[PDB]
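See below for the structure under consideration.
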Amino acid sequence: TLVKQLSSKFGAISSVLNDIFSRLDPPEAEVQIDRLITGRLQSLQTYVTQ
Amino acid sequence: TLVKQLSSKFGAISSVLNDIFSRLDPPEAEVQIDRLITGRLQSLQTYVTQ
Amino acid sequence: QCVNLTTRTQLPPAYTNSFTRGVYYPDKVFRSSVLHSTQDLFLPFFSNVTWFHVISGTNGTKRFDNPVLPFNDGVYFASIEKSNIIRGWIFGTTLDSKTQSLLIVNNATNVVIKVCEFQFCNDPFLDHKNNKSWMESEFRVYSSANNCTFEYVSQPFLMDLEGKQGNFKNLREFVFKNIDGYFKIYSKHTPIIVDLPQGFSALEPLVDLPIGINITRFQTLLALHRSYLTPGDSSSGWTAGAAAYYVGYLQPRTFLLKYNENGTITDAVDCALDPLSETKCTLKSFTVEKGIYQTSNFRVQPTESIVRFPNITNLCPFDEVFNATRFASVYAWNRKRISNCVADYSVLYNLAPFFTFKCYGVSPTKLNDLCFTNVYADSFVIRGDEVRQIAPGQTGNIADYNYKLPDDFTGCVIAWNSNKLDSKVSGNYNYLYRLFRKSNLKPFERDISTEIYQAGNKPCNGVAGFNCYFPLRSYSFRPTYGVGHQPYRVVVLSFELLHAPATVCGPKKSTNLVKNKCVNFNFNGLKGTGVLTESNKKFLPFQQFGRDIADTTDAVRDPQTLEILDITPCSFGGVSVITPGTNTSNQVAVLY
Amino acid sequence: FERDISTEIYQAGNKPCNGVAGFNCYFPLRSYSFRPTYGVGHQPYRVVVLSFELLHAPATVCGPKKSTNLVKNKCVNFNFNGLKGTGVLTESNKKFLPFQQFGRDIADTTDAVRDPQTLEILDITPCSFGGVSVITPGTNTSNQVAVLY
Amino acid sequence: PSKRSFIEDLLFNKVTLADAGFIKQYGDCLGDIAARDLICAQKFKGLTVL
Ligand SMILES: *[C@@H]1O[C@H](CO)[C@@H](O)[C@H](O)[C@H]1NC(C)=O
Ligand SMILES: *[C@@H]1O[C@H](CO)[C@@H](O)[C@H](O)[C@H]1NC(C)=O
Ligand SMILES: *[C@@H]1O[C@H](CO)[C@@H](O)[C@H](O)[C@H]1NC(C)=O
Ligand SMILES: *[C@@H]1O[C@H](CO)[C@@H](O)[C@H](O)[C@H]1NC(C)=O
Ligand SMILES: *[C@@H]1O[C@H](CO)[C@@H](O)[C@H](O)[C@H]1NC(C)=O
Ligand SMILES: *[C@@H]1O[C@H](CO)[C@@H](O)[C@H](O)[C@H]1NC(C)=O
């Protein structure tokens, strides 16, 4: 489940960084990247807790 | 660790409340303040859990 | 018309205690069997009120029984009587006819409310002859008809709906307040009582109207009792009678309302009154078991406020930056330096009506208070349809080939129209731009070159033949054309924050420095709270404000005296309450 | 939202002129200069500002829509004023005070409501939900299962 | 002092590296002298020890 939760949008346009950090303007791309990284960090933390 | 975790920007303009409130109007300062508050709340919850 | 009032009498302001009175329903919703906690305007528990009294009966002196009372944030006008005399509340009025004056005159043929913009008189009193019919023949409250805004009549209001008993029949209670612009009135009627009686009651809301004016103070009114028995002056020649009314001022407080099985309020506890209170609130219950409880923290609040800024008064040269007769080309964007001066951004607003002062990283209004470092100013001329194209991280021709901005750019742009200045009779072509370059240029980088390059291989080396196209292209800038292809003037103001070498900022006046006191401070845009104390730490001559183990500042250098101080929170701690239970005692011990 | 009609002469401040309409007196009231051929920035314009505040008080405008017959004891949708949701809308015995309109519970969900026309109080419960747990005996033996709502 | 034996006296020296801030008064470190050790820096952020 830790591996599987790596391919979810988490409230963004897509689950792939290539389509987010690239071919888009800086501000909203940075916002989406922050959302993705904070979601992945939360998933790692909950796995560690379990 | 809990003390050191207070200087993280959490993807905001600054890590201090007063500077953010002084340099921005409330309409856009709300987002930064919310980001800081939720980041610090998540930082505080894990210490209680451990 | 109106006549002045005389025979003023001064009496001591007798005070009495209000035992848990003045609690109403906060919102028009239904709840039951819930210990809901509210936060609104309430009359504090166990507070003294100004017990006015109608004395000096017959026609001796009659007292000045209707003085002016301040209206700060609310009123708890009560009343105990039998003959139904006290009426006519005048609240929220300046009394100098500055704006609308509010009147509520009732117990007439039917309850009416008079609202007019009249010019107020010098001394008001509402006449009522002791004839068969008690009618207000004389209007001494006002004598002008300048304007009138609102009129209203209500059938059910303030009637003494009861029988005929010798005891005090009614105990009216009122709450007057302004809900951030409009006035709300609550009321209830209390039966006979054999001097506020002990008990608990709740007030049901009533009609509210907007109005909306400045408020200075509250004035009451009494019904006159002029009779032919006594020859008296027109100012005051009426019998006094007997009446009594109370006045209390509302304050913001936090309560814990308890609802019953009918949805009716039956009890409430006032927080921030007793040590056993606020822990009766932390527990969110009306019964507290024995033990030790943690309620809240105690902090010493600051009492003053100081500011300290550099003592320079030179004005920044913002004129020639914006009043320049001729700007330069876009690829030669004329870097400038601004330092060691006082910058006022209010004078910058005077420009062309087409204005686009939009900013990143700082609000456009809060430029004055901050203190910057090495403010820049960059002037050039750009096409009309490219004013939106110059932006942080925006791709395009002008951005990626002529002027590149950093991603984390601080500062902002100023754009104003140049319809007639930069357009000649036949057009202006002095301004150029680089249509083609080897690659994208780095942010804040300038390159000016006109050498022809191998656009399509086979290097020309000055031939400028076929497949070799010139890099510099001019602008047409017709005297009249579309707004998208009309010259614009733009200037960017880039400044570096983090405020280590504060140099310029604006007009903030310093204040005398105070030490050993919990005080605010604004040392060069570094707002905080603490105590300033002389420091024995040795700063090197180049050392500015210091830091601690965390990222919070611990020392700061005086911008004027050049001395090093210390900052520290003035006080804080915890409070615990020792209680032996609720069914056995109501006294507690507090552990700081 | 404060308006004043103070036409009295305003004192400038330091070195007052006592409001005698002499030197060092500032008159706040001034007139607009409008011309048929003038700048667009100074061209006259009519501005109207309208405000509203949604509250728990009875609504007043509620413009052109359709009113349908009331139904009870069925999990249906409702659009009371602006309050939307889903429930059975049975009868209620809660004694609303004359100034009360909306009900509410611990989770801040309107349990009761007063209809604008018939003037009666109705309860709200989001009908029925929940049910799981198909029961299977193993897939080599049979493909027959039972369900336990 | 106290009624500790010899073995206990040996034991309360090897492992008692830090007795922590078992409620130290504000006047102990109010910015005077160098000070500003780990205990006093943490107290100003709300973290206390009972
Ligand atoms: C209320 O407090 C005491 C209590 O009797 C009284 O003497 C005092 O005059 C009243 N007003 C103020 C401001 O304390
Ligand atoms: C609630 O209303 C019912 C309705 O008859 C009444 O009988 C009861 O006395 C009320 N509750 C209280 C506490 O008075
Ligand atoms: C003005 O600033 C200079 C620069 O340090 C300082 O030496 C001087 O004392 C200041 N003057 C006053 C009156 O504070
Ligand atoms: C620039 O010129 C205009 C018009 O001549 C003038 O109003 C303004 O004060 C000057 N300076 C600045 C900074 O705009
Ligand atoms: C008060 O309540 C406590 C807790 O239930 C109980 O033990 C005690 O006897 C009570 N006091 C009385 C009944 O006087
Ligand atoms: C609303 O209009 C129709 C007829 O006038 C009907 O539904 C009902 O009687 C009306 N309601 C009220 C409160 O008059």
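By order of appearance in the structure tokens: chains A, B, ..., then residues from 1 within every chain, and ligands from 1 in the order shown.
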Helix (DSSP H, G or I) per DSSP on the backbone: members of chain E, as a PDB file with C-alpha atoms, in the first residue's frame:
```
ATOM      1  CA  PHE E   6      26.550   4.185  49.682  1.00  0.00           C
ATOM      2  CA  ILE E   7      25.341   2.226  46.644  1.00  0.00           C
ATOM      3  CA  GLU E   8      22.552   4.735  45.995  1.00  0.00           C
ATOM      4  CA  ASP E   9      25.042   7.600  46.317  1.00  0.00           C
ATOM      5  CA  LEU E  10      27.209   5.908  43.695  1.00  0.00           C
ATOM      6  CA  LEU E  11      24.149   5.416  41.479  1.00  0.00           C
ATOM      7  CA  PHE E  12      22.907   9.038  41.531  1.00  0.00           C
ATOM      8  CA  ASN E  13      26.198  10.244  39.998  1.00  0.00           C
ATOM      9  CA  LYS E  14      26.836   7.970  37.006  1.00  0.00           C
ATOM     10  CA  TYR E  26      11.531  32.927  35.382  1.00  0.00           C
ATOM     11  CA  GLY E  27      14.055  34.963  37.374  1.00  0.00           C
ATOM     12  CA  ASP E  28      16.607  32.166  36.979  1.00  0.00           C
ATOM     13  CA  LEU E  38      18.706  24.521  26.287  1.00  0.00           C
ATOM     14  CA  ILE E  39      16.174  24.651  29.133  1.00  0.00           C
ATOM     15  CA  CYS E  40      15.551  28.403  29.006  1.00  0.00           C
ATOM     16  CA  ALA E  41      15.316  28.538  25.207  1.00  0.00           C
ATOM     17  CA  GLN E  42      12.677  25.786  25.203  1.00  0.00           C
ATOM     18  CA  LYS E  43      10.609  27.412  27.960  1.00  0.00           C
TER      19      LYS E  43
END
```
* When the cut-off is 8 Å and you count only C-alpha atoms and all ligand atoms, which residues lie near ligand 6, shown as a ChimeraX atom specification? -> /D:116-119
Any chance you could export the current selection's C-alpha atoms as an mmCIF file, in the first residue's frame?
```cif
data_model
loop_
_atom_site.group_PDB
_atom_site.id
_atom_site.type_symbol
_atom_site.label_atom_id
_atom_site.label_comp_id
_atom_site.auth_asym_id
_atom_site.auth_seq_id
_atom_site.Cartn_x
_atom_site.Cartn_y
_atom_site.Cartn_z
ATOM 1 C CA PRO D 116 -42.568 29.441 4.441
ATOM 2 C CA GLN D 117 -46.253 28.963 3.527
ATOM 3 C CA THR D 118 -47.984 26.340 5.684
ATOM 4 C CA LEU D 119 -46.124 27.508 8.835
#
```
* Pick out the residues no farther than 6 Å from ligand 4, counting only C-alpha atoms and all ligand atoms, and list them as a PyMOL selection string. => chain C and resi 318-319+322-323+348+350-351
Selection from above, N, CA and C atoms, as a PDB file, in the first residue's frame, can you write it?
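Ended up saving to result-v1.pdb:
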```
ATOM      1  N   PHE C 318      12.903  60.146  -7.304  1.00  0.00           N
ATOM      2  CA  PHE C 318      11.907  59.452  -8.107  1.00  0.00           C
ATOM      3  C   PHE C 318      11.359  60.312  -9.238  1.00  0.00           C
ATOM      4  N   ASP C 319      11.786  61.572  -9.338  1.00  0.00           N
ATOM      5  CA  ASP C 319      11.289  62.438 -10.400  1.00  0.00           C
ATOM      6  C   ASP C 319      11.898  62.061 -11.745  1.00  0.00           C
ATOM      7  N   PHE C 322      10.880  58.830 -13.432  1.00  0.00           N
ATOM      8  CA  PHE C 322       9.576  58.811 -14.081  1.00  0.00           C
ATOM      9  C   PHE C 322       9.339  60.003 -14.998  1.00  0.00           C
ATOM     10  N   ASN C 323      10.077  61.099 -14.816  1.00  0.00           N
ATOM     11  CA  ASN C 323       9.934  62.303 -15.626  1.00  0.00           C
ATOM     12  C   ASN C 323      11.004  62.392 -16.711  1.00  0.00           C
ATOM     13  N   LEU C 348       3.906  58.808  -6.047  1.00  0.00           N
ATOM     14  CA  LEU C 348       4.021  58.050  -7.286  1.00  0.00           C
ATOM     15  C   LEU C 348       2.672  57.834  -7.961  1.00  0.00           C
ATOM     16  N   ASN C 350       0.462  59.861  -8.936  1.00  0.00           N
ATOM     17  CA  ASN C 350       0.112  60.857  -9.941  1.00  0.00           C
ATOM     18  C   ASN C 350       0.755  60.538 -11.285  1.00  0.00           C
ATOM     19  N   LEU C 351       0.044  59.802 -12.131  1.00  0.00           N
ATOM     20  CA  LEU C 351       0.529  59.439 -13.458  1.00  0.00           C
ATOM     21  C   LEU C 351      -0.675  59.331 -14.390  1.00  0.00           C
TER      22      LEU C 351
END
```
* Kindly provide, as a PyMOL selection string, the residues of chain A having any atom no farther than 12 Å from an atom of chain C, counting only C-alpha atoms. => chain A and resi 22-30
Please write the residues from the selection above to a file, keeping N, CA and C atoms, as a short mmCIF file (atom, residue, chain, number, x, y, z; two decimals), in the first residue's frame.
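Result went into again_24.cif, see below:
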```cif
data_model
loop_
_atom_site.label_atom_id
_atom_site.label_comp_id
_atom_site.auth_asym_id
_atom_site.auth_seq_id
_atom_site.Cartn_x
_atom_site.Cartn_y
_atom_site.Cartn_z
N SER A 22 7.22 20.85 -15.41
CA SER A 22 7.52 21.32 -16.75
C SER A 22 6.24 21.80 -17.43
N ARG A 23 6.41 22.34 -18.64
CA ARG A 23 5.33 22.81 -19.52
C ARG A 23 4.23 23.56 -18.79
N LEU A 24 4.59 24.34 -17.77
CA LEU A 24 3.62 25.14 -17.03
C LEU A 24 4.34 26.28 -16.34
N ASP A 25 3.57 27.30 -15.95
CA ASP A 25 4.12 28.48 -15.31
C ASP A 25 4.61 28.14 -13.90
N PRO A 26 5.56 28.93 -13.38
CA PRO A 26 6.20 28.60 -12.09
C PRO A 26 5.22 28.51 -10.92
N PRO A 27 4.34 29.52 -10.69
CA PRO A 27 3.64 29.58 -9.39
C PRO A 27 2.74 28.40 -9.09
N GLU A 28 1.77 28.12 -9.97
CA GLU A 28 0.84 27.03 -9.70
C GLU A 28 1.53 25.68 -9.78
N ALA A 29 2.56 25.55 -10.63
CA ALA A 29 3.34 24.32 -10.66
C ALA A 29 4.03 24.08 -9.32
N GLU A 30 4.60 25.14 -8.73
CA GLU A 30 5.20 25.02 -7.41
C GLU A 30 4.16 24.66 -6.36
#
```
* Within 9 Å of ligand 1 (only C-alpha atoms and all ligand atoms), residues as a list in words -> residues 13, 14, 15, 16, 17, 47, 48, 49 and 50 of chain C
Restricting the output to C-alpha atoms, write the selected residues as a short mmCIF file (atom, residue, chain, number, x, y, z; two decimals), in the first residue's frame.
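As a result, again03.cif now contains:
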```cif
data_model
loop_
_atom_site.label_atom_id
_atom_site.label_comp_id
_atom_site.auth_asym_id
_atom_site.auth_seq_id
_atom_site.Cartn_x
_atom_site.Cartn_y
_atom_site.Cartn_z
CA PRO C 13 -25.24 58.20 41.89
CA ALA C 14 -26.71 55.47 44.10
CA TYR C 15 -25.40 52.04 43.09
CA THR C 16 -26.77 48.53 43.56
CA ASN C 17 -25.81 45.00 42.56
CA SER C 47 -21.75 44.39 38.63
CA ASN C 48 -23.13 47.64 40.02
CA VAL C 49 -25.51 49.82 38.00
CA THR C 50 -26.44 53.50 38.26
#
```
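A distance cut-off of 10 Å from ligand 5, applied to only C-alpha atoms and all ligand atoms, picks out the residues residues 287, 288, 289, 290, 580, 581, 582, 583, 584 and 585 of chain C.
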Residue selection dump (N, CA and C atoms) as a PDB file, in the first residue's frame:
```pdb
ATOM      1  N   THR C 287     -21.189  20.990  37.058  1.00  0.00           N
ATOM      2  CA  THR C 287     -20.741  20.329  38.275  1.00  0.00           C
ATOM      3  C   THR C 287     -19.285  19.927  38.101  1.00  0.00           C
ATOM      4  N   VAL C 288     -18.456  20.255  39.087  1.00  0.00           N
ATOM      5  CA  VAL C 288     -17.018  20.020  39.026  1.00  0.00           C
ATOM      6  C   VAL C 288     -16.643  19.066  40.151  1.00  0.00           C
ATOM      7  N   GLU C 289     -15.999  17.958  39.796  1.00  0.00           N
ATOM      8  CA  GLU C 289     -15.524  17.007  40.786  1.00  0.00           C
ATOM      9  C   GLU C 289     -14.221  17.493  41.410  1.00  0.00           C
ATOM     10  N   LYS C 290     -13.915  16.960  42.590  1.00  0.00           N
ATOM     11  CA  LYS C 290     -12.711  17.360  43.301  1.00  0.00           C
ATOM     12  C   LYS C 290     -11.463  16.911  42.550  1.00  0.00           C
ATOM     13  N   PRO C 580     -12.412  21.299  46.064  1.00  0.00           N
ATOM     14  CA  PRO C 580     -12.856  20.107  46.800  1.00  0.00           C
ATOM     15  C   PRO C 580     -14.165  19.499  46.314  1.00  0.00           C
ATOM     16  N   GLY C 581     -14.674  19.916  45.163  1.00  0.00           N
ATOM     17  CA  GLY C 581     -15.965  19.482  44.665  1.00  0.00           C
ATOM     18  C   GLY C 581     -16.949  20.638  44.607  1.00  0.00           C
ATOM     19  N   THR C 582     -18.114  20.350  44.028  1.00  0.00           N
ATOM     20  CA  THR C 582     -19.170  21.345  43.888  1.00  0.00           C
ATOM     21  C   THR C 582     -20.299  21.176  44.891  1.00  0.00           C
ATOM     22  N   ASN C 583     -20.579  19.946  45.333  1.00  0.00           N
ATOM     23  CA  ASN C 583     -21.690  19.739  46.254  1.00  0.00           C
ATOM     24  C   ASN C 583     -21.326  20.075  47.693  1.00  0.00           C
ATOM     25  N   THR C 584     -20.058  20.365  47.972  1.00  0.00           N
ATOM     26  CA  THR C 584     -19.604  20.565  49.340  1.00  0.00           C
ATOM     27  C   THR C 584     -19.064  21.960  49.618  1.00  0.00           C
ATOM     28  N   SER C 585     -18.553  22.658  48.608  1.00  0.00           N
ATOM     29  CA  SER C 585     -18.013  23.995  48.807  1.00  0.00           C
ATOM     30  C   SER C 585     -17.936  24.698  47.461  1.00  0.00           C
TER      31      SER C 585
END
```
* Could you give me, as a PyMOL selection string, the residues within 10 Å of residue 91 in chain C, counting only C-alpha atoms and dropping anything in the same chain fewer than 2 positions from it? => chain C and resi 68-71+74-75+88-89+93-95+101-104+176-177+183+215-220
Would you export the selected residues with N, CA, C and O atoms as a JSON list (two decimals), in the first residue's frame, please?
```
[["chain", "number", "residue", "atom", "x", "y", "z"],
["C", 68, "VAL", "N", -28.15, 63.23, 30.55],
["C", 68, "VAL", "CA", -27.54, 62.55, 29.41],
["C", 68, "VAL", "C", -26.57, 61.51, 29.93],
["C", 68, "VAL", "O", -25.74, 61.79, 30.81],
["C", 69, "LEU", "N", -26.67, 60.29, 29.41],
["C", 69, "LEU", "CA", -25.83, 59.19, 29.85],
["C", 69, "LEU", "C", -25.02, 58.65, 28.67],
["C", 69, "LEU", "O", -25.56, 58.50, 27.57],
["C", 70, "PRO", "N", -23.74, 58.35, 28.87],
["C", 70, "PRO", "CA", -22.92, 57.86, 27.76],
["C", 70, "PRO", "C", -23.44, 56.55, 27.20],
["C", 70, "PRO", "O", -23.96, 55.70, 27.93],
["C", 71, "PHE", "N", -23.30, 56.39, 25.89],
["C", 71, "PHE", "CA", -23.71, 55.19, 25.17],
["C", 71, "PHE", "C", -22.46, 54.64, 24.49],
["C", 71, "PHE", "O", -22.19, 54.94, 23.33],
["C", 74, "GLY", "N", -23.54, 49.61, 24.71],
["C", 74, "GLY", "CA", -24.80, 48.95, 25.02],
["C", 74, "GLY", "C", -25.41, 49.55, 26.26],
["C", 74, "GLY", "O", -24.78, 50.32, 27.00],
["C", 75, "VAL", "N", -26.67, 49.18, 26.48],
["C", 75, "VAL", "CA", -27.46, 49.70, 27.61],
["C", 75, "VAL", "C", -28.38, 48.59, 28.09],
["C", 75, "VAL", "O", -28.90, 47.81, 27.29],
["C", 88, "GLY", "N", -39.81, 56.94, 26.06],
["C", 88, "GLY", "CA", -39.09, 57.89, 25.23],
["C", 88, "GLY", "C", -37.58, 57.81, 25.30],
["C", 88, "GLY", "O", -36.93, 58.71, 25.83],
["C", 89, "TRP", "N", -36.99, 56.73, 24.79],
["C", 89, "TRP", "CA", -35.54, 56.60, 24.79],
["C", 89, "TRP", "C", -34.94, 57.31, 23.59],
["C", 89, "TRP", "O", -35.39, 57.14, 22.45],
["C", 93, "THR", "N", -27.55, 59.38, 19.59],
["C", 93, "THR", "CA", -27.67, 60.72, 19.03],
["C", 93, "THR", "C", -26.61, 61.64, 19.63],
["C", 93, "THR", "O", -26.30, 61.56, 20.82],
["C", 94, "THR", "N", -26.06, 62.51, 18.78],
["C", 94, "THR", "CA", -25.05, 63.47, 19.20],
["C", 94, "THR", "C", -25.66, 64.67, 19.94],
["C", 94, "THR", "O", -24.93, 65.38, 20.63],
["C", 95, "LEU", "N", -26.97, 64.89, 19.81],
["C", 95, "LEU", "CA", -27.75, 65.95, 20.44],
["C", 95, "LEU", "C", -27.48, 67.32, 19.82],
["C", 95, "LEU", "O", -28.16, 68.29, 20.19],
["C", 101, "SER", "N", -31.62, 61.78, 14.56],
["C", 101, "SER", "CA", -31.93, 61.62, 15.98],
["C", 101, "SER", "C", -33.05, 60.60, 16.13],
["C", 101, "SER", "O", -34.07, 60.70, 15.44],
["C", 102, "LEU", "N", -32.87, 59.65, 17.03],
["C", 102, "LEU", "CA", -33.79, 58.52, 17.18],
["C", 102, "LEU", "C", -34.72, 58.74, 18.36],
["C", 102, "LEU", "O", -34.28, 59.11, 19.45],
["C", 103, "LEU", "N", -36.02, 58.52, 18.13],
["C", 103, "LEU", "CA", -37.04, 58.65, 19.16],
["C", 103, "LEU", "C", -37.93, 57.42, 19.14],
["C", 103, "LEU", "O", -38.27, 56.90, 18.07],
["C", 104, "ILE", "N", -38.31, 56.95, 20.33],
["C", 104, "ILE", "CA", -39.29, 55.86, 20.48],
["C", 104, "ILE", "C", -40.28, 56.33, 21.55],
["C", 104, "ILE", "O", -40.05, 56.17, 22.75],
["C", 176, "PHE", "N", -30.33, 47.59, 24.56],
["C", 176, "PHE", "CA", -30.11, 48.39, 23.37],
["C", 176, "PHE", "C", -28.67, 48.22, 22.91],
["C", 176, "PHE", "O", -27.74, 48.42, 23.69],
["C", 177, "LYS", "N", -28.49, 47.85, 21.64],
["C", 177, "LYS", "CA", -27.16, 47.65, 21.09],
["C", 177, "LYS", "C", -27.21, 47.89, 19.59],
["C", 177, "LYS", "O", -28.27, 47.83, 18.96],
["C", 183, "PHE", "N", -29.52, 48.76, 14.86],
["C", 183, "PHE", "CA", -29.89, 48.72, 16.27],
["C", 183, "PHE", "C", -30.83, 47.56, 16.53],
["C", 183, "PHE", "O", -31.84, 47.40, 15.84],
["C", 215, "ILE", "N", -22.57, 57.72, 17.26],
["C", 215, "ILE", "CA", -23.21, 57.61, 18.56],
["C", 215, "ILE", "C", -22.36, 58.37, 19.58],
["C", 215, "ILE", "O", -21.15, 58.15, 19.66],
["C", 216, "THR", "N", -23.00, 59.25, 20.35],
["C", 216, "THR", "CA", -22.31, 60.01, 21.38],
["C", 216, "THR", "C", -22.77, 59.63, 22.79],
["C", 216, "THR", "O", -21.95, 59.22, 23.61],
["C", 217, "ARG", "N", -24.07, 59.73, 23.08],
["C", 217, "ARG", "CA", -24.56, 59.35, 24.40],
["C", 217, "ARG", "C", -26.07, 59.16, 24.36],
["C", 217, "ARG", "O", -26.76, 59.57, 23.42],
["C", 218, "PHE", "N", -26.57, 58.52, 25.42],
["C", 218, "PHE", "CA", -27.96, 58.12, 25.58],
["C", 218, "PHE", "C", -28.70, 59.14, 26.43],
["C", 218, "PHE", "O", -28.17, 59.66, 27.41],
["C", 219, "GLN", "N", -29.94, 59.43, 26.04],
["C", 219, "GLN", "CA", -30.81, 60.34, 26.77],
["C", 219, "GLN", "C", -32.18, 59.70, 26.97],
["C", 219, "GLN", "O", -32.75, 59.14, 26.03],
["C", 220, "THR", "N", -32.69, 59.77, 28.19],
["C", 220, "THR", "CA", -34.01, 59.26, 28.52],
["C", 220, "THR", "C", -35.03, 60.40, 28.48],
["C", 220, "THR", "O", -34.72, 61.55, 28.18]]
```
* To do: Pick out the residues sitting within 8 Å of range 63-72 of chain D, and hand them over as an NGL selection string; count only C-alpha atoms, and ignore anything fewer than 6 positions along from it in its own chain.
  => :D and (88-91)
* To do: Find the residues near ligand 3. Use a cut-off of 10 Å, count only C-alpha atoms and all ligand atoms, and write them as an MDAnalysis selection string.
  => chainID C and resid 309:312 510 558:562
Output N, CA, C and O atoms for every residue in the selection just made, as a short mmCIF file (atom, residue, chain, number, x, y, z; two decimals), in the first residue's frame.
```cif
data_model
loop_
_atom_site.label_atom_id
_atom_site.label_comp_id
_atom_site.auth_asym_id
_atom_site.auth_seq_id
_atom_site.Cartn_x
_atom_site.Cartn_y
_atom_site.Cartn_z
N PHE C 309 13.69 54.36 13.92
CA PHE C 309 14.04 54.35 12.51
C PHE C 309 15.28 55.19 12.31
O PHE C 309 15.60 56.04 13.14
N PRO C 310 16.01 54.97 11.21
CA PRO C 310 17.17 55.82 10.92
C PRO C 310 16.77 57.28 10.75
O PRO C 310 15.72 57.60 10.20
N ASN C 311 17.64 58.16 11.24
CA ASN C 311 17.41 59.61 11.26
C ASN C 311 17.97 60.32 10.03
O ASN C 311 18.72 61.29 10.12
N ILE C 312 17.58 59.83 8.85
CA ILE C 312 17.87 60.47 7.57
C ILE C 312 16.59 61.07 7.03
O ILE C 312 15.50 60.53 7.24
N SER C 510 10.69 58.60 15.04
CA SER C 510 11.20 57.83 16.16
C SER C 510 10.52 58.24 17.47
O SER C 510 9.90 59.30 17.57
N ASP C 558 20.61 49.30 18.18
CA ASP C 558 19.85 50.54 18.07
C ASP C 558 20.24 51.27 16.79
O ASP C 558 21.43 51.59 16.61
N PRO C 559 19.30 51.55 15.89
CA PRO C 559 19.67 52.25 14.64
C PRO C 559 20.22 53.65 14.85
O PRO C 559 20.95 54.14 13.99
N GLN C 560 19.89 54.31 15.97
CA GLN C 560 20.33 55.68 16.22
C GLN C 560 21.51 55.74 17.18
O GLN C 560 22.57 56.28 16.84
N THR C 561 21.36 55.18 18.38
CA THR C 561 22.41 55.24 19.38
C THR C 561 23.53 54.25 19.11
O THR C 561 24.63 54.40 19.67
N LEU C 562 23.29 53.24 18.27
CA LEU C 562 24.27 52.20 17.95
C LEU C 562 24.70 51.45 19.21
O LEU C 562 25.89 51.33 19.52
#
```
* Asked: Counting only C-alpha atoms and all ligand atoms, what residues are within 7 Å of ligand 2, given as a list in words?
  -> residues 260, 261 and 262 of chain C
* **Those of range 19-143 of chain D in DSSP strand (DSSP E or B), formatted as a VMD selection string** => chain D and resid 26 76 to 80 83 to 87 91 102 to 103 112 to 114 121 to 123 132 to 135
* Dump as a PyMOL selection string the residues of chain B that approach chain A to within 10 Å, counting only C-alpha atoms. => chain B and resi 10-11+39+42+46+49-50
Export of the given selection (C-alpha atoms) as an mmCIF file, in the first residue's frame:
```cif
data_model
loop_
_atom_site.group_PDB
_atom_site.id
_atom_site.type_symbol
_atom_site.label_atom_id
_atom_site.label_comp_id
_atom_site.auth_asym_id
_atom_site.auth_seq_id
_atom_site.Cartn_x
_atom_site.Cartn_y
_atom_site.Cartn_z
ATOM 1 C CA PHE B 10 6.457 24.985 4.926
ATOM 2 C CA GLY B 11 6.421 26.427 1.407
ATOM 3 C CA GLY B 39 2.205 22.805 9.138
ATOM 4 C CA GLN B 42 0.970 18.542 11.963
ATOM 5 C CA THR B 46 3.497 13.626 15.794
ATOM 6 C CA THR B 49 1.866 10.392 19.100
ATOM 7 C CA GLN B 50 5.463 9.327 19.792
#
```
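In this model, the gap between CA of residue 29 in chain E and CA of residue 518 in chain C comes to 16.2 Å.
Using only C-alpha atoms, the nearest neighbour of residue 109 in chain D within the list D:130, D:84, D:93, D:76 is D:84.
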